[PDB]
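First, one chain by itself in structure tokens, the form deposited in one PDB entry.
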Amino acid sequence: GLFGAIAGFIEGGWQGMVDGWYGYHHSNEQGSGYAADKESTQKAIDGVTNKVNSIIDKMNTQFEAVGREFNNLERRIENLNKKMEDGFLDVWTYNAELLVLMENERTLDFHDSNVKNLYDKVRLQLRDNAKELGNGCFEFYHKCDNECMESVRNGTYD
């Protein structure tokens, strides 16, 4: 994906993180586990919720067909009426299918972006104090217990 994190340098998702959309896995002497990052998850939830609502709203004023009858010697106007009603239903069908297609791609990339931004936020804190593994993980140089671990998660470190 455009931002290179999802199914890119981070090879796959986490079944064990039931908690939110993005977060951390940690691993040390005391144990290991997952913690959702709630700020970026909620931010992600708001964006996608507004997008869906924007999409639905923007489409609430589509063309509505009206029943309309014509006798045997009004074939030109009947056909005109037909091609007009079908013409609009085609315009709106295309409008709807493409909006979904384009926006689906924007949504996938947005998630990717959020994952990369969160990765970088942690990278910028750790700096020298850890080896960047290449896979979404940082290996610490000096032992890092749960409170140190909590420290990376909330954005305080060193």
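Start at 1 and count along the sequence shown; that's the residue number. Rigid core (definition): largest C-alpha set, two forms, superposition within 1.5 Å.
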State which stretch shows the higher mean Cα B factor in the entry: 9-17 or 139-147. 139-147
Do the CA atoms of 102-110 or those of 38-46 have the higher mean B-factor in the entry? 38-46
At the C-alpha atoms, which of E97, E64, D90, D120 reaches the highest B-factor in this entry? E64
In the PDB entry, which of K51, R68, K116, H26 has its C-alpha at the highest B-factor? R68
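Absent from the display: the form deposited in another entry. The rest refers to it.
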Following superposition of the rigid core, which of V100, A65, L133, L124 is the only residue with a C-alpha displacement of 2 Å or more between the shown form and the other one? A65
